[PDB]
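Sequential numbering from 1 along the given sequence is applied to the chain's residues. For ligands, and for the atoms within them, numbers begin at 1 and follow the listed sequence. Values below: every heavy atom of this structure, side chains too, minus hydrogens, waters and symmetry copies.
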Amino acid sequence: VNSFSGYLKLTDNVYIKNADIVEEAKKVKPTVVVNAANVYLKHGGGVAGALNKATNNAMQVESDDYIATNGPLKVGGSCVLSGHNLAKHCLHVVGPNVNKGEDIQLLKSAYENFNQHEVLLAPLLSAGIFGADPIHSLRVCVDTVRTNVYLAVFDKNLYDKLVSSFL
Ligand SMILES: Nc1nc(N2CCC3(CCC3)[C@H](CO)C2)c2cc[nH]c2n1
């Protein structure tokens, strides 16, 4: 039993909800919140920009130190950093950005990072400003993640379309 509330159960391990991931994180304080990161951990917009704003830019400060030490992530890769006031940890995961020409096959690799964590609150990778089809992203998530994933979907219209079209 965990503290996630009001989710629709999609499969054995995947749950979905129409919710702002920022407000969901602040209420649940999950062990792991997933950020829709880029390789430079520059959290300017989308889910990343919103999560960082909620940390009063502490996420960005921590991220800049991480990059200065380690260099950029790989597309499809991840790193674990602090969750600040939102979660114990933030798993920064880089899904491919279609608006940069990045290979969509890397979306499966991106979701594989979730399997290193027993329970996660996450957005749909490569959705929103990353330019991929959120329906496809959900399919890859379901077919790749084996740990317990709670998806927060910001747009109510998109949430209903995801549910109604789910196979
Ligand atoms: N669950 C959730 N998702 C977010 N994003 C941003 C927009 C897209 C649609 C294009 C990509 C995704 C929809 O879920 C993911 C945000 C941003 C702020 N808060 C959020 N909360």
Quiz item: Would you say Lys29 has more than 12 foreign heavy atoms packed within less than 6.0 Å of its NZ?
Solution: yes
Self-check item: Atom NZ of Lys17 with >12 non-hydrogen neighbours under 6.0 angstrom
Solution: yes
Quiz prompt | Mode of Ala19 contact toward ligand 1 - side chain, backbone, both, neither (heavy atoms, under 4.0 Å) | solution = backbone
Quiz prompt | Side chain, backbone, both or neither: the part of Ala50 lying under 4.0 Å from ligand 1 by heavy atom | solution =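 The part of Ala50 near ligand 1 is the side chain, not the backbone.
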Exercise. Look at the rings of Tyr150 and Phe4 and say which category their plane angle falls in: under 30° parallel, 30 to 60° tilted, over 60° perpendicular.
Key: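 Aromatic pair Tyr150/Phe4 classed parallel.
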Quiz item: At what distance, to the nearest 0.5 angstrom, does CG of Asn18 lie from CG of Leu8?
Solution: 11.5 Å
Exercise. Please report the shortest heavy-atom distance between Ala19 and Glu24, naming the atom on each side.
Key: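 Shortest heavy-atom separation between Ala19 and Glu24 comes out as CB-OE1, 4.0 Å.
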Quiz item: Taking all atoms of both residues into account, what is the closest heavy-atom pair of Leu86 and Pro30, and its distance?
Solution: O-CD, 3.5 Å
Considering only non-hydrogen protein atoms, determine which one is nearest to [atom] and report residue, atom name and distance to 0.1 Å.
atom: atom 21 (N) of ligand 1; result: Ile21 N, 2.9 Å
atom: atom 19 (N) of ligand 1; result: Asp20 OD1, 2.9 Å
atom: atom 13 (C) of ligand 1; result: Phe154 N, 3.9 Å
atom: atom 9 (C) of ligand 1; result: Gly128 CA, 3.0 Å
atom: atom 6 (C) of ligand 1; result: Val47 CG2, 3.6 Å
atom: atom 1 (N) of ligand 1; result: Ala152 O, 2.5 Å

Quiz item: So among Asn113, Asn35, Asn38, which one has a side-chain hydrogen bond (donor to acceptor under 3.5 Å, both in side chains) with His92?
Solution: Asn35
Quiz item: Is the closest heavy atom of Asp155 to ligand 1 under 4.0 Å?
Solution: no
Practice problem: Examine ligand 1 and decide if any of its atoms is less than 4.0 Å from a heavy atom belonging to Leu124. | Solution: no
Practice problem: Please report the C-alpha distance between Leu120 and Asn148 in whole Å, then the side-chain angles of each, then the deciding distance to 0.1 Å, and finally whether the side-chain contact (heavy atoms from CB on, under 4.5 Å) criterion is met. | Solution: CA-CA 6 Å; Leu120 316 85; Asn148 293 142; over 6 Å; no
Quiz item: What atoms of ligand 1 come within less than 4.0 Å of a heavy atom belonging to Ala127?
Solution: 10 (C), 11 (C)
Practice problem: Check ligand 1 against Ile129 and write out every atom of the ligand that is under 4.0 Å from a heavy-atom position of the residue. | Solution: 10 (C), 11 (C)
